[PDB]
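Enquirer: One structure, as C-alpha cells, below. Some questions next.
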Amino acid sequence: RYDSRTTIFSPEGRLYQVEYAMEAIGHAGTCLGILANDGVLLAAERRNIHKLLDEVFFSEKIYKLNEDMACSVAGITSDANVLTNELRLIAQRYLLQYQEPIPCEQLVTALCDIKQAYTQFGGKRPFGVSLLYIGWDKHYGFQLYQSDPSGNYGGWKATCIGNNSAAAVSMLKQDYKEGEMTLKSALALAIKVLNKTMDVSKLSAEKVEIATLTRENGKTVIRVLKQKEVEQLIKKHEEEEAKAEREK
Amino acid sequence: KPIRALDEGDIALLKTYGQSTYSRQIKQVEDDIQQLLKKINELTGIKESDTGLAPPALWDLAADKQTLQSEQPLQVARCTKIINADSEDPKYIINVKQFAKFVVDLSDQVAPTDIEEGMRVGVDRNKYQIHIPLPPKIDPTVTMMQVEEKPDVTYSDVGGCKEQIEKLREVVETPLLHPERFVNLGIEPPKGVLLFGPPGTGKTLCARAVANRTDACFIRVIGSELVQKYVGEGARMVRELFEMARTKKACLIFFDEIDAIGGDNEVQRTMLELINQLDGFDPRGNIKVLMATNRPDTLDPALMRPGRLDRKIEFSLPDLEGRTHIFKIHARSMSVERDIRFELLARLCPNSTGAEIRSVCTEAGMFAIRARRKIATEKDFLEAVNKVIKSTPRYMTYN
Amino acid sequence: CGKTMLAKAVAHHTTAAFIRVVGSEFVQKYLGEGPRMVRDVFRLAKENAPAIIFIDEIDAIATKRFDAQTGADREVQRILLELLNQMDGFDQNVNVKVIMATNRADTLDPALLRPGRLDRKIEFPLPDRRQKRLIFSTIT
Amino acid sequence: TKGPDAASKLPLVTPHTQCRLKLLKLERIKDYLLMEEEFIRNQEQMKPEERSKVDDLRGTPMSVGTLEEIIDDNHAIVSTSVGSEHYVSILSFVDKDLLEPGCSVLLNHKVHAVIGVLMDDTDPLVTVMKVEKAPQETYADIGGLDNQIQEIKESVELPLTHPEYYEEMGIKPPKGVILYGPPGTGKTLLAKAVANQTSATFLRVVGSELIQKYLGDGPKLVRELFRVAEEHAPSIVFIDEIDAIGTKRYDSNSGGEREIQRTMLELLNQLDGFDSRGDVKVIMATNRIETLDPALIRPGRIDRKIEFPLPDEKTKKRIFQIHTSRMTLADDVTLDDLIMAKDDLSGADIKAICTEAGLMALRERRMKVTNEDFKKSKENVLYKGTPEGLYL
Amino acid sequence: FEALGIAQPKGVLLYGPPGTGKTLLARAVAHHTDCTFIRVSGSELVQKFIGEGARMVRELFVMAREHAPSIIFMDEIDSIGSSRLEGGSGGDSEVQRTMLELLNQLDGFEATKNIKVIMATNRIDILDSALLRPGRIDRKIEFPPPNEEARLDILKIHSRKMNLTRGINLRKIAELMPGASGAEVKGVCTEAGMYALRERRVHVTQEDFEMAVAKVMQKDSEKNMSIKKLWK
Amino acid sequence: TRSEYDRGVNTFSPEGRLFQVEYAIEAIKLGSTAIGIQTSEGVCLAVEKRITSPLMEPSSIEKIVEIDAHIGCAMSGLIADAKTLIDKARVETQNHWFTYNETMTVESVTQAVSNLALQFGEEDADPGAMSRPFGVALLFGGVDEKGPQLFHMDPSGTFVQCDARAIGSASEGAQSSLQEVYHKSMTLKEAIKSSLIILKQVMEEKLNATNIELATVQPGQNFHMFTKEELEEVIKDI
Amino acid sequence: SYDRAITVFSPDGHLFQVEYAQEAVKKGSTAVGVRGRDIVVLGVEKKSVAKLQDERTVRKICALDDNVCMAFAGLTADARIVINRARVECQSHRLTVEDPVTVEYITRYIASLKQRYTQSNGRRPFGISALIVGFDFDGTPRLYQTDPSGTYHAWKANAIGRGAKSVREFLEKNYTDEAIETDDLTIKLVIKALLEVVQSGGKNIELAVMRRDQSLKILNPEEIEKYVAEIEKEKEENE
Ligand SMILES: Nc1ncnc2c1ncn2[C@@H]1O[C@H](COP(=O)(O)OP(=O)(O)OP(=O)(O)O)[C@@H](O)[C@H]1O
Ligand SMILES: Nc1ncnc2c1ncn2[C@@H]1O[C@H](COP(=O)(O)OP(=O)(O)OP(=O)(O)O)[C@@H](O)[C@H]1O
Ligand SMILES: Nc1ncnc2c1ncn2[C@@H]1O[C@H](COP(=O)(O)OP(=O)(O)O)[C@@H](O)[C@H]1O
Ligand SMILES: Nc1ncnc2c1ncn2[C@@H]1O[C@H](COP(=O)(O)OP(=O)(O)O)[C@@H](O)[C@H]1O
Ligand SMILES: [Mg+2]
Ligand SMILES: [Mg+2]
Ligand SMILES: [Mg+2]
C-alpha cells in the first residue's frame, strides 16, 4: 500500500504518514487556550503524575519561548523538546537580526515551515507534535495560534488539542462569547472545559497546568498559576457548580 | 429539547386536519381497486394445461396397454471395468446414476462384443443385468461440435495475424496440400499445434480461415459442455466424432476452450481416449488437430510430448496495421462513410484485442443509432473508442 | 496455576449438569458448524437442569475481533459472535453458568469481558509465599 | 411459442394531487373492474370416451420427468426429479412433435413410460421469479440518469420496439447489459422502471436465489429460468446482485464450491446459448463490479456496462424535486444548501433525507416541512476522510 | 407517513460499545409491541449446506410478510453481513450470498411492506456499505456510554430490588464510574450485593458500592511509566 | 517475471534490455505527433497542438521552440523534461558561440543535448540531476555548414540523421506514410504540403489554424515559425 | 508496483506519483482567475470558519510582488513554502536585473521549482496548483497556471481545485470579448463562475482585483455584498 515513507502520495492524493501524525495527537495530553479581551491563557492537563514525580519544573506542557511568547505542547516528548528548542532559536535569531520581539505569525510560520520541510522531503518522519502558541504584539495585540504536525497553523480565539479535543472544542464553541470575556471568565471557562473533557469527577489542581499571558504597563508578563492560585480557582468553580446544581 | 411522543389527540388531529375532501373517497376507491383486482385474479384461475394428447387418429390404445404390460422399463447406467469377462467372468461394474453401483451379468439379447467400458448400459430393475447398450447417439446439432463444413470466414477476413497465419499455413497446409514434400524430406507430417494466445486474439477465426482455404471441414469442440451435464460418455463423444471424421474426407479438428477439459476421472477418460485416437490412430491421417487455449501450461504434460502435439503458435495482441485491418474488416458489414480514418481508430486503441475492436464497431453503430442517423460518422467511432477503450492527466503534463 | 484443576473440582462438587468443551473443539471444518455447535451446547445447557458450561482455552476462539479478510477468520469471529449472542443475547438464559479459562485475558474481545457475559474475571497468579507452602503441603 | 405474458400494469393515474380528476380516473378504473368481474362471474354461470380411457391408461398418479434423449419414436431417456434416469417407452397418444430434449414429459408411476408432455412445468421458484404485478416506479420517478436510461432503452427496449435500425446498420443488438456503481445509485430502481414500461416478460432474480442445496439443482434452476425466458419470448431477465455468484473463478476443492462453479458455468453457457438476435435480454446489477469474473463481462457475452456515478448537483436537485414532489413544503425551504454540501449523497441518501425531514416535521406537530427540518435531517441520516486543514 | 408524502422508514441499526443497551432495547421493543417480533440473531443464517442461508433468509422474510406488520431483530449483524470480500479462494462467499439475499429482501425489486427490522453491532465501521445504505438501514442509532445522570438512572433501576441502607448516595457511586457502560453499572450493583452476601447480611452500604465499583472497573493500565511518558 | 527488472534504471534484464529506458521510449507515444522533413532547400517542422480548451492561450503550448536563429526544435513527451532539454540546448549553443564565436552545427547541438541525456545512470548526479531517463523525444532541424540538417533525438540519448522523421502518439503511421511520400529532391513548398497532408491524414481532429504549429528553416532566412496568415495560406492549398 | 516511486516510469510511460500529486489539487478548494482588458481577478471559494478561526491568517490569495499575485489550491503548507520561495525569487530577480519581475518569469521559476521537487526520490512533489496573475511593466494582462508536475500554461480565465471542471465549462460557455470590456463585466463573470460551484453567495467568496499597477487591494467585505447584490439585480433583470 501507500503507507511507506512520508514522501509518497496515495492515488486519491492523501499523505497517509501525515494523516497518522495528525491522528497521533489524540493520544497526547489535553491542552487548550482561550483568547480574552485583556489577556490570554493556556490550560493543559498533566496526564502522567503517578506518585513519585519530583515536579522539579516550571511547566511541562507549557513552554516559554520569548519574553512575549509562550506555547503548549502535545505530542512525542523528543519532538516536543526539539521543536521548543528550535522555537527559542528562531525567536532569538529574529531578535538579534531585527532588535525587536518576533511577531506571533512570523514565528509560527517559521516553525510550520520547518515542520513542512520535515514532511516535504528527506525520508524523515514528520514531527508528531501540535502546538498552541500564546503571545502579544503591537501588530495584533493578543493572538492565539494552533499549530499542526502537517505544518499548517491557524489563528484561533479558543482551541483544544489532545485527547477528547473534539468534544472539548465543540462545547467550547457552544459556550464562547467572543469579544466579551475577561481573564476571570476565560479561566472559569477553561476549568469547566477541563472538567467536562477529563476522566475525573473532581479534577485536582495537580492534573491541571495553566499559564496566563497579560500585557500591562509597557511589558508582557507570562506567569503560570501557582498551586494556591489554581486551587483557589478550581474551588471557586466547584462552588459555582454547586450553586448551579442546587439552583436547578 | 426532549422529543414528545405524539399523543392520541395529536394523532387524531394530524390525520384529519388539513386533508382533501376527496381523500377519503380516493383511499377507499384505491383499496377497492386492489380488492377487485385480487378478486379477478382469484376468479380466473384454473388455466387448463391440456397435456400433450395427440389427435385420436393416432391412439392404438390396446397396443399401449400391451406395451405397458409387456415392455419392461430399464434404468440407464454407466458401465465400468469389464472384470475380465472372457466368458468366464461375464460381470461388469455399472454405476446406476445417483442410485448406486452394481456388478451385473449380460442379457440373452446382448452380446459381449458390443458391451465394453464406458457406454450407456440399460440395466433392468430386478437383477440389474445389462439388457441393451444405448450409445449416446450424440451427433450433437443441439449443442457444440460446430461441424461446419466450409466456414464463411476466409483468408481475407483475418487481419493482423500474418506471422500467425503463416505458421498455421505451414503446419496445417504444407502436409495437407503437399504431403509428398514431407514424405521426401523424411519427416512425419506435423501431428498438431497448440494455438495459444490471449483470449479474443482471433485464433479460432484464423483456424476457420485456413479450414475454408483447405476445403476441409472445421470441427470446433468446447470444453464447458462436457464439464457440464453432458459428462461421462464424452469418451464416446470423441470416439464417434473421430470415427465420422475418418468416414469424412480431409478434416481439421479444432479444440477451443479446452482449458476447461485439461484443467478429472471422466475428464481423464476423455483425454486418454483422445490419446488412443491420436497416437493409436496413425499420425498420417487428414484429421489434423488444432489445439487452442490462452493457457500454455494448463494442458496435461503427457499431451504435448513428442509423437503428439509437436509445435505451438503464439498469438499476440494485434499491432497497428493489424488493428486497422480488423477495423476495416468489421466495418465492411456496417453502414458507414467511405472516409473513415481506420488508421486513426487503430492508433486510438493500443493493446486492444479483436473482440474489443468488434465491440468498438458495435458501439459506433449504437452511437449512430442514438442520433437516428442511418450512416455512422467518424465522430461516432471516436466516441465508441472513447467509451469501450479506457473502460487531463495525459493532456497537461504530456504534450 | 490451577485453573483447569479448579474447573475439575467444580465439576466434582456440583449438582449441576456439567458440559465440558475446549475452545478449539468449536472450530469446525464445515462452514457454519462452529456457531451451530455453540448454539447446541448452550441449548443443551438451557433445556437441562441448572447447568455449567466450561470452555477451556476460550481465547482459541474469543480473541479480540478484527477486520477479518478471509473466510476462516470470518468463521472464527462468527463462532465468537454466536458465543456472545448466546451468553447475553435476546433470549436470556436461566441457571446456566459458564466458566471459561484462558492464559491471555488481555487478548480477549472486550464484548466477552463485560459484566453480563463475564461478571467476574478471576486472576490466578503464581503462588506466593503462603500459597507455595499450602501447595507443597497438599501435594506432599 | 406463446408470446410475452407481461405484468398486469393497471393504468396510471396522472394527477396524484388528491383532486377531483384523480377521483374521476380511479372511479373509472373501478367501474371497468366491476364490469369485468360481472362478466367473468356471469359467463361462469351462463351456459354449461377416448379421453377418459387415455386417462385410465396414464394411471394415477403420474410422475413428472424431464426428457433428455429420444432413441426411437417409441423409446426415450427420461429423468425423474430425483436424478435417476431410465430407458422408457413412449405410448402412442403422446404427441411426438412436442418431444424435445429438455421438456417435461409426464411419466407413469409404474413402468415410467411417457404418457404425456407438460408445456408449463415451471417450478415454484422460477414461477415466483416471474414478475406478475409491475412495480409502481416509472422513468418519471427516476431523477437524472438520462444517459443511463437512454442506454438501457437502447439495449432492452429499442430491439423490442422497432428494431430496423439495428440490422440496417448491420450491428447486433446488445445481448445482455450490466449495471454497476456505488450502492443506492439507482441500479434496482432503473430495473423497476424497465419492468413498469416493458412489453415483454420480466424475470426478477436475486442471483443468490439460483444456488440450491441439492446437487444439480442450481444448474437445473438456471436452465429452467432461461428456458422459460426463451419460451416466454420476448423476455427480460434481471439477475440482481450478480456478484452473489459472479465472483472470480478459482480452483474448487469442496463440493459446494464445485456446485457453485457448476451453476455459474451453466449460467454462462446458457447466456452463450441464445443468439443476440433473440428477443431475450439479461440485465444484471452489482456494487462490486471489480470482483466479477472477467468472463461474464466479456464483450462477446455482456458488451454494455452502464456506470451509475454518485449523482451530481443537478441530478441531486432533480432527485430532491422528485422525492419532495409529494410533500407540503413551506416557502422558506431552499433545498440548495443541502445539494451544496460536498458529500456523497446518493438517491437513497436523498430519499432518506426527505423521510427524516418529514419525521422532524412530525416531531414539531407540523405537516409542512421547513428548511430547519431538512438541515437537522441531513446531519441525522448522514453517517461517517482528510484531516481539516491539510487540503485548503 | 402517507399524507406527509414520505416513504416509511424500514430498518434501524443499533451500534455502540458493548454493554450499552442495544439488545436490552431490542428486548424492550419486543415486550411492548403488538407486532410479531422475530429474533434472527446473527450466524443462525449460516448453514453448512450450499445456498441454504439465502433460502432461510427468503423463508424468514416471506413468513414475516405472511404475518402482521412484523419486526425482525438481527442481533450481531456483524457476523453474516460484514463486507463482501474480493474474489474467492480463501475468501468467504456463501455467507456473502446469504447477506446479498438479505440485502435484496430489505430493499430490492419487491419493496417489502411493514417488515421493520432492527440490527445491532459493536463494530459499525466494518459493516458493508451496501447494508449501511439508507433505505436499507435508516436512523443508525448510536448507544454511547451513559453519562453521570444516565449512570445514576441505571443504578437506581438495578438497585430497585436491593435492600439499600438509609444514607446511601447513589449519585456518588455514579460519579465514581467515569465512562462506564450500563452493563458495568449492573455488575457494580451485583458485586455490591455479593459483598453484602459474603458477610451474611441483606442490606448494602455505601462502602460496599465503593469496593464494587473498584472491583468491577478494575483494568490493567500501562505499567511501564517510560512507555506512558512517550507522549507529552 | 519482468517486474524485478522493471524497478530502477540500473537493472539489466535477462535479455539485456533496459526496461525503464524502454518505458521512457514508449512515453513518447503520449505526445502529440511531430513531423520533420529534410529537403535541399531547408527543413520544415509540423506538429499537432492538441488544444485541451478553446480558452487556452495557444502561444503557451510550445511544441516548436527556437534553440538558435539557425536551428529549430520539435518535441514530443513530457513538457517539463523537454523544457529542461531545450534550456540545456540553448545554453550549450550560446556556450559554443562564446568560446568559438561560431554557429555550432545541429549535429553538435544534438550531441550536447544527448550528453545531458543518457546521464540518468551516472554518479555525477550528486549535486542534483535526473535519476530517471528523460521522457521526451527531440526533433532538431536547421541549417549548418553541411547545408540543411535534421536530427531526431531518442530519450536514451541516441540521435540519427533522418530525411523525414515523425515522432509522437502517431510515429508509426506518419513514418509509414513518409516512407513512400518522401523524395530526395522534393522542394520545400511541396515538402510542407506533404507534411500537412500527413498531419491531416493522421490528426484526430480536423485541420485548422489552431491545430498545427509550423516551423521552417532555410539557408537564406533564419528560424521562422509560421504566423497565423502564413498558416492560412499554406492550409488553403491543402 | 509502479505507483509508489516518483522517478519510475510505468510500462505505459506514466510517472504515477506525479499524477497523484496533480490529483491531490482536486481535493483543494476552487479558485478561478480571469484576466481582462485592464483588470485581472482572482476568485476563490473561502471555507466558512466555524466559530473561532481567524480569517486573517487563512490567506488563500497571496501577492508575490507588487506586479504579480497568485491563488493556490491543494495543500496549505506546500503553498506557503512555494509562496515564500516565489517572493524570495522575485526580490532576488529585482536585485539582479533591477526591473520588476514579469509574470512569465516568476511562473517559470515556480514551475521549475516544483519540477526539481518532482525529479528525485526523497522529495515529495508540491501538491498544489497555482494561478499566477499580474501585469508586466509594459502593462499587459497575463494569467498563468502552474501544475504540480512542474509545467505552466497561459490561460485567459482558468479555474483550479475542486469543481474546476464545471467552472472551466462555465468560462468556455461565457468568456466573450465583450465580457471583459469593463472591469465590472469581468467581476460579474468571475462571480458568476464562482456561484456556479459556491451557490450560497455573499460569504465563501474572496476576490482580488488588479488594475494597471496600483498595488492591488483585495475586495474587502463591504462591496462583495454590494457586487453580489448587483449580480442578483442583473440576474433578475435578464430573467
Ligand atoms: N436517480 C434517482 N432518482 C430518484 N430516486 C433514486 C435515484 N437513485 C436512487 N433513488 C432512490 O434510491 C432507492 C434505492 O435505490 P436502488 O434500489 O435502485 O439502489 P441500487 O443502486 O440498486 O442499490 P444496491 O446495489 O445497493 O442494492 C430507490 O427506492 C429510489 O427511491
Ligand atoms: N441503559 C441501561 N439501563 C439499564 N440496564 C442496562 C442499560 N444498558 C445496559 N444495561 C444492562 O446491561 C446488560 C448488558 O446487556 P445489553 O443487552 O444491554 O447489552 P448490549 O448493549 O446489547 O451489548 P452486546 O453488544 O454485547 O450485545 C443487561 O443486563 C442490561 O440490562
Ligand atoms: N485478425 C483478425 N481479423 C479479423 N477479425 C478478428 C481477428 N482477430 C479477432 N477477430 C474478431 O474476434 C472475434 C472472435 O474472436 P475469437 O476468434 O473467438 O478469439 P480467440 O482468439 O479467443 O479464439 C470475431 O468476431 C473476429 O472478427
Ligand atoms: N493450588 C494447587 N494445589 C495443588 N496442585 C496444583 C495447584 N495448582 C496447580 N497444581 C498442579 O498443577 C496442575 C494444574 O494444571 P492446570 O490447572 O491444568 O494448568 P492451567 O492453569 O494451564 O489449566 C495440577 O495437575 C496440579 O498437580
Ligand atoms: Mg489448563
Ligand atoms: Mg439493488
Ligand atoms: Mg447484543
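By order in the C-alpha cells, chains are A, B, ...; within a chain, residues start at 1; ligands start at 1, following the order shown.
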Output the neighbourhood of ligand 2 as a ChimeraX atom specification, that is, all protein and nucleic acid residues with some atom at most 9 Å from the ligand, counting only C-alpha atoms and all ligand atoms.
Expert: /C:84-85,88-90,110-112,114-117 /E:14-27,75-76,120-122,143,145-146,150-151,153-155,157-158,181-187
Enquirer: Pull N, CA and C atoms from the residues just selected and write them as a tab-separated table (two decimals), in the first residue's frame.
Expert:
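Saved result, result-v4.tsv, follows:
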```tsv
chain	number	residue	atom	x	y	z
C	84	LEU	N	-21.17	-14.88	22.07
C	84	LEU	CA	-21.63	-13.66	22.74
C	84	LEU	C	-23.15	-13.59	22.76
C	85	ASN	N	-23.78	-13.77	21.60
C	85	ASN	CA	-25.23	-13.67	21.50
C	85	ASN	C	-25.93	-14.80	22.24
C	88	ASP	N	-25.42	-13.55	26.28
C	88	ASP	CA	-26.20	-12.40	26.71
C	88	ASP	C	-26.97	-11.79	25.54
C	89	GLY	N	-27.69	-12.63	24.80
C	89	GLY	CA	-28.44	-12.19	23.65
C	89	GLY	C	-29.87	-11.84	23.95
C	90	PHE	N	-30.71	-11.94	22.92
C	90	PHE	CA	-32.10	-11.53	23.03
C	90	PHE	C	-32.85	-12.40	24.04
C	110	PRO	N	-13.36	-7.38	24.04
C	110	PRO	CA	-13.99	-6.61	25.12
C	110	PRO	C	-15.46	-6.93	25.31
C	111	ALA	N	-16.16	-7.33	24.24
C	111	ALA	CA	-17.56	-7.71	24.39
C	111	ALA	C	-17.71	-8.97	25.23
C	112	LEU	N	-16.72	-9.86	25.19
C	112	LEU	CA	-16.73	-11.05	26.03
C	112	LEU	C	-16.36	-10.74	27.47
C	114	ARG	N	-17.21	-8.31	29.57
C	114	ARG	CA	-18.03	-7.32	30.23
C	114	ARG	C	-19.02	-7.98	31.17
C	115	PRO	N	-19.43	-7.30	32.24
C	115	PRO	CA	-20.44	-7.87	33.13
C	115	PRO	C	-21.73	-8.16	32.38
C	116	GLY	N	-22.38	-9.25	32.75
C	116	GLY	CA	-23.47	-9.81	31.99
C	116	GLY	C	-23.06	-10.95	31.09
C	117	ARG	N	-21.79	-11.01	30.70
C	117	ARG	CA	-21.22	-12.14	29.99
C	117	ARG	C	-20.13	-12.81	30.82
E	14	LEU	N	-28.57	-0.56	15.58
E	14	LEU	CA	-28.25	-0.20	16.96
E	14	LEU	C	-26.77	-0.51	17.18
E	15	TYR	N	-25.92	0.47	16.93
E	15	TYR	CA	-24.49	0.30	17.09
E	15	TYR	C	-23.99	1.05	18.32
E	16	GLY	N	-22.90	0.56	18.89
E	16	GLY	CA	-22.29	1.18	20.04
E	16	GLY	C	-21.35	0.24	20.76
E	17	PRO	N	-20.69	0.75	21.79
E	17	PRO	CA	-19.79	-0.08	22.59
E	17	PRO	C	-20.57	-1.19	23.28
E	18	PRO	N	-19.92	-2.33	23.54
E	18	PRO	CA	-20.62	-3.48	24.13
E	18	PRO	C	-21.16	-3.15	25.52
E	19	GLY	N	-22.35	-3.65	25.82
E	19	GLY	CA	-22.94	-3.49	27.13
E	19	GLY	C	-23.59	-2.15	27.37
E	20	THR	N	-24.23	-1.60	26.35
E	20	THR	CA	-24.83	-0.27	26.45
E	20	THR	C	-26.35	-0.26	26.40
E	21	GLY	N	-26.99	-1.30	25.88
E	21	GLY	CA	-28.44	-1.34	25.89
E	21	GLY	C	-29.05	-1.72	24.56
E	22	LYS	N	-28.22	-2.12	23.61
E	22	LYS	CA	-28.71	-2.47	22.28
E	22	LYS	C	-29.65	-3.67	22.34
E	23	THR	N	-29.14	-4.81	22.79
E	23	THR	CA	-30.00	-5.98	22.94
E	23	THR	C	-31.08	-5.75	23.99
E	24	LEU	N	-30.78	-4.96	25.02
E	24	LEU	CA	-31.80	-4.62	26.01
E	24	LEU	C	-32.93	-3.82	25.37
E	25	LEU	N	-32.59	-2.86	24.51
E	25	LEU	CA	-33.63	-2.09	23.83
E	25	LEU	C	-34.43	-2.98	22.89
E	26	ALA	N	-33.76	-3.91	22.21
E	26	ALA	CA	-34.50	-4.84	21.35
E	26	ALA	C	-35.45	-5.70	22.17
E	27	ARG	N	-35.01	-6.17	23.33
E	27	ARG	CA	-35.89	-6.93	24.21
E	27	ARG	C	-37.07	-6.09	24.65
E	75	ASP	N	-29.63	-9.47	15.62
E	75	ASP	CA	-28.59	-9.23	16.62
E	75	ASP	C	-27.25	-9.69	16.09
E	76	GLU	N	-26.21	-8.92	16.40
E	76	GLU	CA	-24.86	-9.21	15.94
E	76	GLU	C	-24.84	-9.43	14.42
E	120	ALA	N	-28.18	-4.88	15.43
E	120	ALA	CA	-27.26	-4.41	16.45
E	120	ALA	C	-25.86	-4.91	16.15
E	121	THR	N	-24.86	-4.11	16.52
E	121	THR	CA	-23.47	-4.48	16.34
E	121	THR	C	-22.61	-3.58	17.22
E	122	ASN	N	-21.40	-4.05	17.51
E	122	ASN	CA	-20.42	-3.22	18.19
E	122	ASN	C	-19.44	-2.56	17.23
E	143	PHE	N	-25.40	4.09	20.61
E	143	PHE	CA	-25.59	3.91	22.04
E	143	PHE	C	-24.31	4.27	22.77
E	145	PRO	N	-21.73	5.32	25.83
E	145	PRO	CA	-21.69	5.01	27.26
E	145	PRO	C	-22.42	6.07	28.06
E	146	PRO	N	-23.20	5.68	29.06
E	146	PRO	CA	-24.06	6.64	29.75
E	146	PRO	C	-23.25	7.71	30.47
E	150	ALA	N	-27.36	9.48	33.41
E	150	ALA	CA	-27.85	8.19	32.93
E	150	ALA	C	-27.28	7.05	33.76
E	151	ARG	N	-26.03	7.17	34.21
E	151	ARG	CA	-25.48	6.15	35.09
E	151	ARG	C	-26.23	6.09	36.40
E	153	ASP	N	-29.37	6.90	36.76
E	153	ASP	CA	-30.65	6.28	36.44
E	153	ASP	C	-30.52	4.76	36.34
E	154	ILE	N	-29.45	4.28	35.72
E	154	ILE	CA	-29.24	2.84	35.61
E	154	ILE	C	-29.02	2.22	36.99
E	155	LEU	N	-28.25	2.91	37.84
E	155	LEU	CA	-28.04	2.42	39.20
E	155	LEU	C	-29.35	2.32	39.96
E	157	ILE	N	-32.27	1.95	38.66
E	157	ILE	CA	-33.07	0.88	38.07
E	157	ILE	C	-32.62	-0.48	38.59
E	158	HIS	N	-31.31	-0.70	38.64
E	158	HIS	CA	-30.78	-2.01	39.02
E	158	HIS	C	-30.66	-2.18	40.53
E	181	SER	N	-20.03	1.55	30.99
E	181	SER	CA	-21.23	1.12	30.30
E	181	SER	C	-22.31	0.69	31.29
E	182	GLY	N	-23.54	0.58	30.80
E	182	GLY	CA	-24.63	0.16	31.66
E	182	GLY	C	-24.44	-1.23	32.22
E	183	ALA	N	-23.85	-2.12	31.42
E	183	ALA	CA	-23.56	-3.47	31.91
E	183	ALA	C	-22.61	-3.42	33.10
E	184	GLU	N	-21.62	-2.54	33.06
E	184	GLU	CA	-20.72	-2.40	34.20
E	184	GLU	C	-21.44	-1.83	35.41
E	185	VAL	N	-22.43	-0.97	35.21
E	185	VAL	CA	-23.22	-0.47	36.33
E	185	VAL	C	-24.02	-1.60	36.97
E	186	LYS	N	-24.63	-2.45	36.15
E	186	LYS	CA	-25.34	-3.61	36.69
E	186	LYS	C	-24.38	-4.54	37.41
E	187	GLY	N	-23.18	-4.72	36.86
E	187	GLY	CA	-22.18	-5.53	37.54
E	187	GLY	C	-21.75	-4.93	38.87
```
Enquirer: Pick out the residues no farther than 9 Å from ligand 6, counting only C-alpha atoms and all ligand atoms, and list them as a PyMOL selection string.
Expert: (chain D and resi 183-189+191+240-241+285-287) or (chain E and resi 103-104+107-109+130)
Enquirer: Check every protein, DNA and RNA residue against ligand 5, keep those with an atom at most 12 Å away (counting only C-alpha atoms and all ligand atoms), and present them as a ChimeraX atom specification.
Expert: /C:1-8,22-23,54-59,100-104,124
Enquirer: Can I get the selected residues back with N, CA, C and O atoms, as a compact mmCIF listing (two decimals), in the first residue's frame?
Expert:
```txt
# COMPACT_ATOMS: atom_id res chain seq x y z
N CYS C 1 -1.34 -22.73 36.97
CA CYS C 1 -1.56 -22.19 38.30
C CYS C 1 -2.87 -22.67 38.93
O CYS C 1 -3.26 -22.15 39.98
N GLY C 2 -3.56 -23.62 38.31
CA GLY C 2 -4.69 -24.25 38.97
C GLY C 2 -6.04 -24.04 38.33
O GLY C 2 -7.06 -24.48 38.88
N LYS C 3 -6.08 -23.37 37.18
CA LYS C 3 -7.35 -23.07 36.53
C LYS C 3 -8.13 -24.34 36.18
O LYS C 3 -9.22 -24.57 36.72
N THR C 4 -7.57 -25.17 35.30
CA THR C 4 -8.27 -26.39 34.92
C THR C 4 -8.50 -27.31 36.10
O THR C 4 -9.51 -28.03 36.13
N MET C 5 -7.61 -27.30 37.10
CA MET C 5 -7.88 -28.09 38.30
C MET C 5 -9.10 -27.56 39.04
O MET C 5 -9.90 -28.34 39.56
N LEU C 6 -9.23 -26.24 39.13
CA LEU C 6 -10.41 -25.69 39.79
C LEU C 6 -11.68 -26.02 39.01
O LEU C 6 -12.72 -26.28 39.62
N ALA C 7 -11.60 -26.03 37.68
CA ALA C 7 -12.75 -26.47 36.89
C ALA C 7 -13.09 -27.92 37.18
O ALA C 7 -14.26 -28.29 37.32
N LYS C 8 -12.07 -28.78 37.27
CA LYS C 8 -12.29 -30.18 37.59
C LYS C 8 -12.93 -30.33 38.96
O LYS C 8 -13.86 -31.13 39.14
N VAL C 22 -13.63 -27.63 24.95
CA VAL C 22 -12.43 -26.84 24.75
C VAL C 22 -12.70 -25.87 23.60
O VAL C 22 -13.51 -26.13 22.71
N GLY C 23 -12.02 -24.73 23.65
CA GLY C 23 -12.29 -23.68 22.68
C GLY C 23 -12.06 -24.14 21.25
O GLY C 23 -12.89 -23.90 20.37
N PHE C 54 -18.20 -25.30 30.83
CA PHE C 54 -16.79 -24.99 30.96
C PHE C 54 -16.14 -25.06 29.59
O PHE C 54 -16.15 -26.11 28.95
N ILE C 55 -15.58 -23.94 29.15
CA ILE C 55 -14.93 -23.85 27.85
C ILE C 55 -13.46 -23.55 28.12
O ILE C 55 -13.06 -22.40 28.26
N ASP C 56 -12.65 -24.60 28.18
CA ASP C 56 -11.23 -24.42 28.40
C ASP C 56 -10.58 -23.83 27.15
O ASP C 56 -10.97 -24.13 26.02
N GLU C 57 -9.59 -22.97 27.38
CA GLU C 57 -8.89 -22.26 26.31
C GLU C 57 -9.89 -21.48 25.45
O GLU C 57 -10.01 -21.69 24.24
N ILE C 58 -10.61 -20.57 26.10
CA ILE C 58 -11.60 -19.76 25.41
C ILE C 58 -10.97 -18.85 24.37
O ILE C 58 -11.59 -18.56 23.35
N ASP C 59 -9.74 -18.40 24.60
CA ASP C 59 -9.09 -17.48 23.68
C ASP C 59 -8.72 -18.14 22.35
O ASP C 59 -8.24 -17.44 21.45
N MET C 100 -15.04 -20.10 31.70
CA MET C 100 -14.06 -20.18 30.63
C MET C 100 -12.70 -19.80 31.18
O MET C 100 -12.57 -18.80 31.90
N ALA C 101 -11.68 -20.58 30.83
CA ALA C 101 -10.32 -20.37 31.29
C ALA C 101 -9.44 -20.00 30.11
O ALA C 101 -9.60 -20.53 29.01
N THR C 102 -8.51 -19.08 30.35
CA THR C 102 -7.58 -18.65 29.31
C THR C 102 -6.26 -18.28 29.96
O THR C 102 -6.19 -18.00 31.15
N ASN C 103 -5.21 -18.28 29.14
CA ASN C 103 -3.90 -17.86 29.60
C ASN C 103 -3.63 -16.39 29.34
O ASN C 103 -2.84 -15.77 30.07
N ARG C 104 -4.26 -15.80 28.32
CA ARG C 104 -4.03 -14.42 27.92
C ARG C 104 -5.38 -13.71 27.92
O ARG C 104 -6.08 -13.69 26.90
N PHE C 124 -5.53 -15.84 38.37
CA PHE C 124 -4.87 -16.94 39.06
C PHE C 124 -3.36 -16.71 39.04
O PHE C 124 -2.66 -17.30 38.21
```
Enquirer: Quick one: everything within 6 Å of residue 28 in chain G, counting only C-alpha atoms, minus sequence neighbours fewer than 6 positions away in the same chain. Send it as a ChimeraX atom specification.
Expert: /D:391-392 /G:73-74,161-162
